[PDB]
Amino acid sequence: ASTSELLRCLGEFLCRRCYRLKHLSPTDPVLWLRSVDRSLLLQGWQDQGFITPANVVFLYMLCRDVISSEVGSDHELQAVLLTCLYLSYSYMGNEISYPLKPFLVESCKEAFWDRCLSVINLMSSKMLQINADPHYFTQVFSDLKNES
């Protein structure tokens, strides 16, 4: 039920999914996600942190369907995870809007926007369903807890 506990499950999930990444640590994803949340808070883009148990569950739902087992660098994993996070902020976040800067780690902005549109095309239906269908929320929550 703890944010730290569920961020650790997500990190361990990503290390197991992305088998080519020999020097990725399960704390590296957690550091990338917390860094963004803190940065937006201190620049007064939000009153409270976005990273809550429910929102970590929502983020895992996107990650597990979007993040290829064949990701070839820690850099590439960070870019896809922050794309899924940007969409999480944009769909579930209590503020009207969120800036791109903290979520962009690529020099090619075209590649970031195409991946946004690609993920929405894949996940838009499940993004609504995890909200509309409590049974599906529980399934995803259970699955994330069983990643440790």
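The first residue of the sequence shown is number 1, and the count goes up from there. What we label the rigid core is the largest C-alpha set whose atoms superpose within 1.5 Å from one form to the other.
Put simply, when the other structures in 6 other deposited structures of this protein are lined up on the rigid core, the C-alpha atoms of 40 to 48 lie farther off than those of the other stretch, from 76 to 84 and 40 to 48.
When the C-alpha B-factors of 107 to 115 and 76 to 84 are averaged, 107 to 115 comes out higher. Once the C-alpha B-factors are averaged per stretch, 90 to 98 and 56 to 64 rank with 90 to 98 first. In this PDB entry, the Cα temperature factor of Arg17 sits in the bottom third of its chain's modelled residues, the lowest group.
When all modelled residues of the chain are sorted by CA temperature factor, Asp47 is found within the highest third. Compared with the other modelled residues of the chain, the Cα B-factor recorded for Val140 ranks in the middle third.
Among all modelled residues in its chain, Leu122 ranks in the lowest third by Cα B-factor. When the modelled residues of the chain are ordered by their C-alpha B factor, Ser69 lands in the lowest third.
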